[PDB]
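Tertiary structure, described
Read off the chains here:
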Amino acid sequence: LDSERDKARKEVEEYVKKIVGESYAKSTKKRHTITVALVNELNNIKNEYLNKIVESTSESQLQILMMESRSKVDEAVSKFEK
């Protein structure tokens with residue numbers, strides 16, 4: 001588990017900071033309220049999935065929590081886009 005679950009958290013850690021960075025790359029000073037609202041949500045995903053990855057009994061689920069947390073980040077973007 002240990003060396004595997006570390007890759008699982010690093011995959012979702014980089015996705016959250018990368019998509020926070022792309023949110024800043026499309027943002028403007030007027031709209032910073034939306035940048036912070038999406039940061040506050042993206043950190044909530046990073047937090048929940050960090051706990052699910054450091055608490056998993058099942059190793060074939062660590063590799064999936066990477067995709068579930070990506071679908072959460074992608075959904076949160078696809079929601080705050082509009």
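As summarised from the PDB record, the model derives from solution NMR.

Take helix 1 (residues 2-26) next. Compared with an ideal rise of 1.5 Å per residue, which puts 25 residues at 36 Å, helix 1 spans 37 Å between its outermost C-alpha atoms and is within 8% of the ideal. Within the span of helix 1, buried status applies to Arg 5, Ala 8, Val 12, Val 16, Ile 19, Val 20 and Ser 23. On its buried face, helix 1 is in contact with helix 2 (32-54) and helix 3 (59-80).

The next subject is the pattern of salt bridges. When charged atoms on two side chains of opposite charge get close, those side chains can pair. Throughout the structure, instances matching the rule amount to seven salt bridges. Among the ionic pairs, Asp 6 bridges to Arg 5, the shortest N-O distance being 2.8 Å. The partly exposed category is assigned to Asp 6, whose relative accessible area is 27%. Note on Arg 5: relative accessible area 13%, which makes it buried. Via salt bridges that share partners, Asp 2, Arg 5, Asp 6 and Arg 9 belong to a single interconnected network.

Reading guide: rules and limits
Residues numbered from 1 in each chain as written, not as in the entry; some residues may be left out. Heavy atoms only, no water. Helix = DSSP H or I, 4+ residues; strand = E, 2+ residues; numbered from the N terminus. Expected span 1.5 Å × (residues − 1). Buried < 20%, exposed > 50% of the residue type's maximum accessible area, 1.4 Å probe, protein only. Contact = heavy atoms within 4.5 Å. Salt bridge = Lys/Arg side-chain N within 4 Å of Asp/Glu carboxyl O.

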